[PDB]
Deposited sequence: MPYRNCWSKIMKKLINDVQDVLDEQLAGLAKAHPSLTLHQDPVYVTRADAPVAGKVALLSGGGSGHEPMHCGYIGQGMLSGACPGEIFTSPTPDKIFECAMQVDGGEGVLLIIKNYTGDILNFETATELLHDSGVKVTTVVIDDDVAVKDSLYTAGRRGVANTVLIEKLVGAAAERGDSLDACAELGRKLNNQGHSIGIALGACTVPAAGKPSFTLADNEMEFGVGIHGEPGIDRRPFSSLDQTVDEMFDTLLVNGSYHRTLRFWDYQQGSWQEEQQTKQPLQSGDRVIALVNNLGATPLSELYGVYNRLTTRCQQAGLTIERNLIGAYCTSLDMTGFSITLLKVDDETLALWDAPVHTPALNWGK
């Protein structure tokens, strides 16, 4: 099995990780880490390094890869959570797709019944389409990475489960993303505008004229599709039930300070991502948005898709301190 070989490769390359079998999941080699909230995510294979490359101090305690573009099954999530539980609870970060929501929610209930204190954060940052074939609402994409790092820092600092969960839900309401594909993982010189990370259709297919023009269209969409009201359920561990919570996003606005992630969906040359970043800084400056930090690279992919996404996450001094906090993972590494 090729997925087997790929995960074996991951494990051999990174002694800081432990690959488990029966069921398969990956954790930090030092898990369970006593006295800290444990953070977990997962989803289909094919988005590497999301989420396995984000396992480590200051970020995820473990992750649960599934088959290609397919949520892991509940047994993997349950077993991974039980392995990383440090006695302060486990927070599950779930990207908004039919499969992931079902499987992670099932695992949440199984955990609660086994006495594990658990709650959830749903990610729905893709501003492009509401109600795509495999999502109720908006899709969860690259802002998931930014939230993992920020919530990861908070957990590492010693924040409680509730505090980590509230922070995750708040950041989710402040991050906005959009992706484009020039070719899947249709017509030449044509792009899928607002594509999903499993290849889901976007807003439309339209001509590619230039990188700068494409970035302008993506940026404009982030500015105008920002307003959003919807229900997101979260697990209330005190009552042992799902709580429907209305959640509101405000549009990005002049005066906002942001973290920008220019993300390779798979086969875009880094040179081009820097070109994208250049146009993006220009547009943010014109719109009154201050980019405070950035990430540019392959962080949330879709196999070998030719395309890229832009994520802008509103932040404040406190959030920037969490960003600057140390992180030690395969894909993201920085010290104090």
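According to the record, C-alpha coordinates are lacking for deposited residues 1-19, 205-215.
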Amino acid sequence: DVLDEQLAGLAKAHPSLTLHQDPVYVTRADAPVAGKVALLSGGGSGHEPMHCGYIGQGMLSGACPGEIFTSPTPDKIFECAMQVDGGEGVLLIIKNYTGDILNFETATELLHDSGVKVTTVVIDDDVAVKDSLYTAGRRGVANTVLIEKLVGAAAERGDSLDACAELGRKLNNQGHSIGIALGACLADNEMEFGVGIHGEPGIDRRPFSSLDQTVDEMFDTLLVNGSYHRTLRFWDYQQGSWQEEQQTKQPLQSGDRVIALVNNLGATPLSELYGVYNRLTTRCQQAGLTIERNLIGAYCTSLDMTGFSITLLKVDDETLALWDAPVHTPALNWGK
From here on, numbers count along this sequence of modelled residues.
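Annotation for 197-205 versus 248-256: the higher mean temperature factor (C-alpha) is found in 197-205. Mean CA B-factor, 162-170 versus 224-232: the higher value falls on 224-232. Highest CA B-factor among the listed residues (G42, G35, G53, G297): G35. Which of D125, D85, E105, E190 has the largest Cα B-factor in the deposited entry comes down to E190.
In the deposited entry, the Cα temperature factor of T27 sits in the bottom third of values across the chain's modelled residues. In the PDB entry, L312 places in the lowest third of its chain by CA B-factor. Among the modelled residues of its chain, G46 has a C-alpha B-factor that falls in the middle third, as given in the PDB entry.
Sorting the modelled residues of the chain by their CA temperature factor places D212 in the highest third. When the modelled residues of the chain are ordered by their C-alpha B factor, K95 lands in the lowest third.
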